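Contents: one structure, followed by commentary.
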Amino acid sequence: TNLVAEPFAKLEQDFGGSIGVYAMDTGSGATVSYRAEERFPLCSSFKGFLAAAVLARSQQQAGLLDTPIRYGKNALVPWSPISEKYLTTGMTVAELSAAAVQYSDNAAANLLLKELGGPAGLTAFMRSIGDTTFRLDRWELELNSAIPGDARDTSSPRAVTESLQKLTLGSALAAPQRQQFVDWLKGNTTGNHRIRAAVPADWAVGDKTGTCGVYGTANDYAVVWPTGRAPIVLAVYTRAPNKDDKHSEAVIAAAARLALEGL
Ligand SMILES: C[C@H](CS)C(=O)N[C@@H](B(O)O)c1ccc(F)cc1
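Reading the sequence shown from the start, the letters are residues 26 to 57, 59 to 252, 254 to 290 in the deposited numbering.
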């Protein structure tokens, strides 16, 4: 819990919806929590964990990452800029994972989900590193419905942070695989106005965003490297109760700030 929750409550009330935060200092063990136990839509942030499910297989399947995929045009659901660009060449499993992570590429996420046996398969992976909260049920783009109280395609900020720590900094992935996942996260292009905007620009960050396009539901999670110190892992999710509600990158940044300053 949190005995100085007031800063977050005010931010949430001003926003009009739900804020969800869970931050961990790996070095000290300190944590900041606000609706950290409550379910929020993953939207696109599942793609980070997806690439990690991929990097995990690649430890048993050699050359999985270099495997080209010659996808067709009807793989190209909206918001697939990298896939769209590379339609004519195809793309490797690695490049798909990269584009999944750093551009939120929709088609590339679906192509990887297929290689792993769909949402249930990604969900199996996360159960296998100790996440009993995460569940992916659907593909892009239906998984973005963000319907109030729908448990499909949801996790909790703390289980997202705890899983992210396992895959980037602990033992769930082999050291190189682990380095590749952190490197993919560090090259993200979509998170500049969210958690990154709350960090001092001297700290290395890798993050993955999600944006459902409805119900003011948007999110981001991150590993952040302070000067001289163990890294911080955090997740900041949002939703709102009207379909019409606009999400807010500012609130995600602000809530991340409050977590970082809490720590
Ligand atoms: C409707 C929404 C676009 S607003 C969508 O279909 N997918 C989300 B995703 O978060 O799952 C998304 C958002 C931004 C991107 F650049 C890529 C993907």
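Think of the CB as a built atom: it goes at the ideal place given N, C-alpha and C, for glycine as much as any other residue.
Annotated three-state conformation of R83 is helix, per DSSP. Excluding the 5 residues flanking it on each side, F207 has same chain C-beta neighbours closer than 7 Å at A77, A78, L81, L193, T194, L199, in chain order. Relative to ligand 1, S123 has its C-beta separated by 7 Å or more from all heavy atoms. Scanning the segment 84-142 from its first residue to its last, the whole alpha helix (DSSP H) runs of 4-plus residues come out as 107-111, 119-129, 132-141.
Judged by DSSP secondary structure, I155 falls outside any beta strand (DSSP E); it is assigned neither H nor E.
The criterion of a C-beta distance shorter than 8 Å is not satisfied by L190 and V127. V186 carries a helical assignment under DSSP once its states are collapsed to helix, strand and coil. Between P258 and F66, the C-beta gap is not smaller than 8 Å, which leaves the two residues out of contact. Under DSSP, the beta-bridge partners assigned to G232 are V249. Non-local beta-carbon contacts of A230 in its own chain, meaning distances under 8 Å to residues more than five positions away in sequence, involve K212, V250, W251 in chain order.
For the pair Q85 and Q203, the Cα-to-Cα distance works out to about 8 Å. Within the chosen limit of 7 Å, ligand 1 reaches the beta carbon of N170 through at least one heavy atom.
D50: not part of any alpha helix (DSSP H); member of the beta strand (DSSP E) spanning 43-50, first to last residue.
For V208, the enclosing alpha helix (DSSP H) has its first and last residue at 201-212. Taking C-alpha positions only, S275 is separated from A55 by approximately 27 Å. Contact between the segment 233-240 and the segment 163-179 is present: 3 or more CB-CB pairs across the two stretches fall below 8 Å. Exclusion of the five residues before and after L287 leaves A48, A224, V225, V250, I259, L261 as the residues of its chain whose Cβ lies within less than 8 Å of its Cβ.
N100 has its CB no nearer than 7 Å to any heavy atom of ligand 1.
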